[PDB]
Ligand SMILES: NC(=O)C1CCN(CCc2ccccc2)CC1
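The chain below stands alone and is given in structure tokens; this is the form deposited without the named molecule.
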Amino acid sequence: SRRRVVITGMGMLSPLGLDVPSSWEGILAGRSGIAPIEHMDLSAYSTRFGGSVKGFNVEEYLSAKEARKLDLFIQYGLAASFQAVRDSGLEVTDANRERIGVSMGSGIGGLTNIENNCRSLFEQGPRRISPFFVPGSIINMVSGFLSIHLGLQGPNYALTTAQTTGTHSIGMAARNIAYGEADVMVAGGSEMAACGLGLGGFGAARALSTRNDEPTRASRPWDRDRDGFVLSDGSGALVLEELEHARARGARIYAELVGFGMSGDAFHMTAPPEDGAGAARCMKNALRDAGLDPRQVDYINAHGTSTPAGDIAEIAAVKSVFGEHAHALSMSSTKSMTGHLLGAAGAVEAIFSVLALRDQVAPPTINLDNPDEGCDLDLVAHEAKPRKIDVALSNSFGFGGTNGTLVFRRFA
């Protein structure tokens, strides 16, 4: 019968910092991690800025010899995973290694590496493709390499659900534990899609903000002057652990994961429906899964991408799910500061939701100068709002109409 799941460790790389506390400091201070991209020449691109990880040192975690073989999305996923495991205080032993697994996902995976090897193939032939092209680029290799380095022999897999990946990865990992398939899971996601094909491909869809001359103001969820999402890189990992297993080893418990919802819109390849019907179905699934009255919800970490249709669909969904209580909860988009980490978005935003519970503060939606028509909820405009938070919800919505909702609450 279904066991309870708590969060005992967290790890992160974001545009705001090389760990959780540094990133959260930036979140509570309203700081933007968005800047013109320095790592390649984007003068021919319509978008030339994004949320880069600044000053990442892979040699805090791995040999440079092993790092050279791995796409940045794998290096980022391993860094966040290592941080989460260390933060948990868990010791991997012969007695528990079969009960500890990993589900770290990505939306796009090793596009930089695949692009670079495509370059080698086209210009020089197949004999110049890296021997490590496959294991250094495919999405399941965060889970694979983490298992090899720490000796995790539990369920080992990866999700890829576009911008929903980090949320689904955490929810499904919690089900593994809830249903007895594992006692511990390291779960989350990682992304580094800031290569020619990434920026070019989202550019070709006219999905990205083109505010090149004021990049810190580009990400403006629910603002009337928003013009698309900001592309961002990084990773989030959580250690999920069965409650009695956590109690039995004296673990520090940050919060309890009480609810997980999924739904499909079945509407459009890329566009969300204006009424947010699939997001509403997903949130209602999560709240019923958590055994909650919707009025218990205090804080929502929105998907809040800064797209015209996505932002307004989320307002419509929250009003539909929460009715008059929609005016009492606080909802913010931390993508206003971090930009959109795609497959890692749900992983870092799950961490932000847990820290909202720990610190009793709703992070701001920065850049919300002029809320759009019908965007009249408490969206925590400009500045962090200290408040009572017993229940926090984190939403993600992605291409294919794929929705995820996580429900966290304080643990006593």
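Heads up: residue numbers just count along the shown sequence, starting at 1. In this text, rigid core is short for the largest set of C-alphas that superpose within 1.5 Å between two forms.
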Rigid core superposition result in 9 other deposited structures of this protein, more deviant of 383 to 391, 32 to 40 by Cα
32 to 40
Comparing 356 to 364 with 54 to 62, which has the greater mean CA B-factor as deposited?
54 to 62
Averaging CA B factors per stretch from the PDB record, which one is higher: 119 to 127 or 276 to 284?
119 to 127
Whose CA atom has the top B-factor in the entry, of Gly77, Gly180, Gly107, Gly171?
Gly180
Between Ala271, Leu159, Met337, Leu146, which one tops the list for Cα B-factor in this entry?
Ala271
Would the CA B-factor of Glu242 place it in the lowest, middle or highest third of its chain?
middle
Place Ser320 in the lowest, middle or highest third of its chain's C-alpha B-factors, as listed in the PDB entry.
highest
Entry-reported C-alpha B-factor of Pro371 relative to its chain, by third, is highest
Using only modelled residues of the chain, where does the Cα B factor of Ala218 rank: lowest third, middle third or highest third?
middle
Quick one: classify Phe229 as lowest, middle or highest third of the chain based on its Cα B-factor.
lowest
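Beyond the structure shown, there is the form solved in complex with the named molecule, which is absent from this document and is the topic of what follows.
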If I take 3+ ligand atoms inside 2.4 Å of backbone or C-beta atoms as the clash criterion, is the pocket here open or blocked once the named molecule is superimposed from its pose in the deposited bound form?
open
Per-stretch contact check against the named molecule in the deposited bound form, the hit in 371 to 379, 346 to 354, 33 to 41, 53 to 61 (non-hydrogen atom, 4.5 angstroms):
53 to 61
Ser330, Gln75, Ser143, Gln83 - the one with a heavy atom within 4.5 Å of the named molecule in the deposited bound form:
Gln83
With the named molecule taken in the deposited bound form, which residues across 7 to 39 come within 4.5 angstroms through any non-hydrogen atom?
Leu18, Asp19
